[PDB]
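Computation of the quantities below employed the complete heavy-atom set of this structure, encompassing side-chain atoms and omitting hydrogens, waters and symmetry-equivalent molecules. If you read the sequence from its start, that first residue is 1, and numbering goes on from there.
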Amino acid sequence: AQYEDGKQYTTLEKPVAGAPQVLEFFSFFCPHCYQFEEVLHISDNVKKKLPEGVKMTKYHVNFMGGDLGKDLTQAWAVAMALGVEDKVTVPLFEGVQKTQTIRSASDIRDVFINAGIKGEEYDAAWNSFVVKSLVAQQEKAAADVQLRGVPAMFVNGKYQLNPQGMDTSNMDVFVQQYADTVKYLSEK
């Protein structure tokens, strides 16, 4: 057929109960993740094609960048708690990978301050238990799909996007196929 298990996607041997409908993993340290988000705009292209009433979830991962990597997971938790993902995603990617001006937790916080988040507001979130459990959720989710690398996307806790089985010539055909595959899986 057009969509085939083992081609555009694979199937988890061990389906995840109660998973987000569309779940993306990434790292601000991850160069292919920079491409995915800032050049290919995979998240946004996926979102433009999702059926009505399908929420897209995006989690950060710890395993790249050591201490800073974990700081970034915690800051992404702050972004989620405060609902400012669309104000910090680009300056965090650029700060880590383009300018490389993000070298400490303080540097991460600077990005939030600059984007209009009050310091008091950031610090209270950073130190909250709501944020600690959001960090734990992201780590939990990674264990549940037995994650081995990023970027990655899982649908309904059953299917894993397999970009290596798509065409890579046209960036845009690739992006279109990726987005189309998620929609197909979403209705499966």
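- For the residue pair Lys49 and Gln176, a side-chain donor N or O sits within less than 3.5 Å of a side-chain acceptor on the partner.
- Defined by atom type and a distance below 3.5 Å, a donor-acceptor pair is present between the side-chain atoms of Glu139 and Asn62.
- Within the model, atoms CG of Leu68 and CG of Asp107 stand 8.0 Å from one another, a figure rounded to the nearest 0.5 Å.
- Judged by distance alone, with hydrogens and angles left aside, the side-chain atoms of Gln35 form no donor-acceptor pair with the main-chain N or O of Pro31 at under 3.5 Å.
- The shortest distance between side-chain heavy atoms of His60 and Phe26 falls below 4.5 Å.
- With sequence neighbours left out, the salt bridge (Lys or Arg N to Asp or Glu O under 4.0 Å) criterion links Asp110 to no other residue.
- Atom CG in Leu40 sits 8.5 Å away from atom CG in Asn45 (nearest 0.5 Å).
- In this structure, OH on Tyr34 lies 5.5 Å from NZ on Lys98, to the nearest 0.5 angstrom.
- Of the candidates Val61, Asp71, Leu92, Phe28 forms a side-chain contact (heavy atoms from CB on, under 4.5 Å) with just one, namely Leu92.
- Residues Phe36 and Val150 form no side-chain contact, since every pair of their non-hydrogen atoms from C-beta on lies 4.5 Å or further apart.
- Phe129 and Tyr122 fall into different hydrophobic clusters, where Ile, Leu, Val, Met, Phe, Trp and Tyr side chains are chained together by heavy-atom contacts under 4.5 Å.
- When all heavy atoms of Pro151 and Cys30 are compared, the pair lying nearest together is CD-SG, 3.9 Å.
- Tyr59 has its side chain out of reach of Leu134: every pair of non-hydrogen atoms, C-beta onward, lies at least 4.5 Å apart.
- Counting only distance, with no hydrogens or angles, the side chain of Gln177 and the backbone of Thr168 share no donor-acceptor pair below 3.5 Å.
- Between the side chain of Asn156 and the main chain of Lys158, no donor-acceptor pair closer than 3.5 Å is present.
- Within the model, atoms CG of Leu50 and CD of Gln21 stand 8.5 Å from one another, a figure rounded to the nearest 0.5 Å.
- Side-chain contact between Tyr178 and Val46 is present, with heavy atoms from C-beta onward closer than 4.5 Å.
- The backbone N or O of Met56 sits nowhere less than 3.5 Å from a side-chain atom of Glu24 that would complete a donor-acceptor pair.
- In terms of heavy-atom proximity, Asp144 sits nearest to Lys140 at OD1-NZ, 2.7 Å.
- Qualifying salt bridge (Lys or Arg N to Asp or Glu O under 4.0 Å) partners for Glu37, counting only residues two or more places apart in sequence or in other chains: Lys58.
- When all heavy atoms of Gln97 and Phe29 are compared, the pair lying nearest together is NE2-C, 3.4 Å.
- With values rounded to the nearest 0.5 angstrom, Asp5 atom CG is found 3.0 Å from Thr11 atom OG1.
- A pairwise comparison of heavy atoms in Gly157 and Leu12 identifies O-CD1, 3.4 Å as the closest pair.
- When all heavy atoms of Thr99 and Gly95 are compared, the pair lying nearest together is OG1-CA, 3.6 Å.
- Not a single salt bridge (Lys or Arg N to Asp or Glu O under 4.0 Å) links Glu94 to another residue, sequence neighbours left out.
- For the residue pair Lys188 and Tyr184, a side-chain donor N or O sits within less than 3.5 Å of a side-chain acceptor on the partner.
- Proximity of a side-chain donor or acceptor of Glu4 to a complementary backbone N or O of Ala1 within less than 3.5 Å is detected.
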### Task
Would you sort out whether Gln138 and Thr73 count as a side chain to side chain donor-acceptor pair (under 3.5 Å), showing the intermediate values?
CA-CA 8 Å; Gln138 298 177 83; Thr73 299; 5.4 Å; no
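- In this structure the side chain of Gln160 never reaches within 4.5 angstrom of the side chain of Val145, judged on heavy atoms.
- The structure places CG of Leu82 at 12.0 Å from NZ of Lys118, a figure rounded to the nearest 0.5 Å.
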